[PDB]
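Student:
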Amino acid sequence: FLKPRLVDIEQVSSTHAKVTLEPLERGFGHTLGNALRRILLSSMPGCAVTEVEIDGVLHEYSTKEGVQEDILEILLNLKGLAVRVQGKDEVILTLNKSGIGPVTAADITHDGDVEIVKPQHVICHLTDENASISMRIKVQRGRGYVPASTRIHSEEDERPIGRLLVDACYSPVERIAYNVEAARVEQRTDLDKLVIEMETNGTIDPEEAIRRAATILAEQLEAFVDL
Amino acid sequence: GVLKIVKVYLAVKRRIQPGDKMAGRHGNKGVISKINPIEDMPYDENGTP
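The listed protein sequences derive, respectively, from chains 01 and 03.
Sequential numbering of the first sequence, starting at 8, is according to the authors' numbering.
Sequential numbering of the second sequence, starting at 1045, is according to the authors' numbering.
1. From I217 (chain 01) to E181 (chain 01), what distance separates their C-alpha atoms?
2. Can you tell me which of the three DSSP states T57 (chain 01) falls into?
3. If we call anything under 8 Å between Cβ atoms a contact, is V74 (chain 01) one with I140 (chain 01)?
4. Take every Cβ of the region 12-29 of chain 01, pair it with every Cβ of the region 202-219 of chain 01, and state whether three or more of those distances are shorter than 8 Å.
5. How should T157 (chain 01) be labelled, buried or exposed, when 16 other C-beta atoms within 10 angstroms of its C-beta is the threshold for buried?
6. So with Cβ pairs under 8 Å, would you call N1090 (chain 03) a contact of chain 01?
7. Are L79 (chain 01) and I144 (chain 01) touching if we call contact CB-CB under 8 Å?
8. Determine which residues share a DSSP beta bridge with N208 (chain 01) and list them.
9. Beta carbons nearer than 9 Å to chain 03: which residues of the region 37-64 of chain 01 have them?
10. Of all the residues that make up the region 178-205 of chain 01, which are near chain 03 by a beta-carbon distance shorter than 7 Å?
11. Below 8 Å, how does it come out for the region 166-181 of chain 01 and the region 45-65 of chain 01: are there three or more Cβ pairs, yes or no?
12. For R1059 (chain 03), does the three-state DSSP call read helix, strand or coil?
13. Does DSSP classify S141 (chain 01) as helix, strand or coil?
14. Counting only C-beta atoms, is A1055 (chain 03) closer than 8 Å to chain 01 at any point?
15. DSSP beta-bridge partners for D199 (chain 01)?
16. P109 (chain 01) by DSSP, collapsed to three states: which one?
17. Which first and last residues belong to the beta strand (DSSP E) in which residue 268 (chain 01) is found?
18. What does the alpha-carbon distance come out to for the pair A155 (chain 01) and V1050 (chain 03)?
19. Between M142 (chain 01), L83 (chain 01), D77 (chain 01) and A221 (chain 01), which has its C-alpha nearest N103 (chain 01)'s C-alpha?
20. Could you give the C-beta distance for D199 (chain 01) and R33 (chain 01), rounded to a whole number, given that I count them as a contact under 8 Å?
21. Whole angstroms are fine: how far does the CA of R44 (chain 01) sit from the CA of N1080 (chain 03)?
22. For a test of the three-state rule: what should DSSP assign to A221 (chain 01), helix, strand or coil?
23. For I223 (chain 01) and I46 (chain 01), which I take to be in contact (beta-carbon distance under 8 Å), what is that distance rounded to the nearest angstrom?
24. Looking at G209 (chain 01): is its Cβ nearer than 8 Å to the Cβ of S21 (chain 01)?
25. Can you give the Cα-Cα distance for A138 (chain 01) and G63 (chain 01), rounded to whole angstroms?
26. Across which residues does DSSP place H128 (chain 01) in a beta bridge pair?
27. Out of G119 (chain 01), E214 (chain 01), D135 (chain 01) and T207 (chain 01), which one is the CA nearest neighbour of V14 (chain 01)?
Next up, the structure:
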């Protein structure tokens, strides 16, 4: 009944890493590793842009007079930006770019809480010099895929129709594979060593995530202890 | 007769959902019965589902 334990999270790259657990018993690490997988793909507090009220945009079916791309496209490239928040769950920013050039993600009103993983992610392409595009980006935090579709039912009467929304996919995690194999300790025939090979987008830290996700499993054990 | 005509242009995105008939090129039809979460996807040694 030996307790379980991890080792140093082997950080090969900033995007993906691998944890390793030595103290596993026969069977546990296998089914629990699969059980963790679902959790590390569902109950994860992700960050996703929800409301983007743009300067000269009443609807996403238009193109800013001065940009190369299309507004609809630009909104998908906003979903392509990985951002971190620390204190508040929500924050409104403002993109301010002018001049011919691939608009990097570091020209925005940078709040101390807003945290980009890569300020080099081009959102749009400015092709003119006298075009200063501005856009308030309301990003927040939640978990799982929560689309603007399911959210427009309450609506709160969004009369200000300059405010164009987007689907909030709250998922940091990405590709999860687990490498089960014989755990070689000298006092036992063979235990189990779970080498969790994980891919992330680069927003929430793995250890933060796994203790947090295990606490969600704790929530999901509550009634399983209650009879 | 009709001196003033006003033709409106609405815009409605219709996405992909369970129930839409989808196929391929080699003559393989079908209808999505239930688009399941990527969490039920069988993955290889790699991890890519």
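Virtual Cβ for every residue (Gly too), placed ideally from N, Cα, C.
Tutor: In brief:
1. 14 Å
2. strand
3. In this structure, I140 (chain 01) lies closer than 8 Å to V74 (chain 01) by Cβ.
4. The region 12-29 of chain 01, when compared against the region 202-219 of chain 01, does touch it at the 8 Å Cβ threshold.
5. The residue is exposed, with fewer than 16 neighbouring Cβ atoms inside 10 Å.
6. yes
7. no
8. Answer is none; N208 (chain 01) lacks a bridge partner.
9. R44, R45, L48 and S49
10. For the region 178-205 of chain 01, which is checked against every Cβ of chain 03, the residues closer than 7 Å are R182, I183, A184 and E204.
11. yes
12. coil
13. strand
14. Interface criterion met: the Cβ of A1055 (chain 03) is under 8 Å from a Cβ in chain 01.
15. Partner(s): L31 (chain 01) and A189 (chain 01).
16. strand
17. The first residue shown for chain 01 is 8 and the last is 234, placing residue 268 (chain 01) beyond what the model contains.
18. 31 Å
19. Ranking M142 (chain 01), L83 (chain 01), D77 (chain 01) and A221 (chain 01) by CA distance to the CA of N103 (chain 01) puts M142 (chain 01) first.
20. 7 Å
21. The straight-line gap from Cα to Cα measures roughly 16 Å.
22. helix
23. 6 Å between Cβ atoms; contact.
24. The answer is yes: Cβ separation under 8 Å.
25. Roughly 11 Å separates the two Cα atoms.
26. In the DSSP output, where bridge partners are listed per residue, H128 (chain 01) has none listed.
27. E214 (chain 01)
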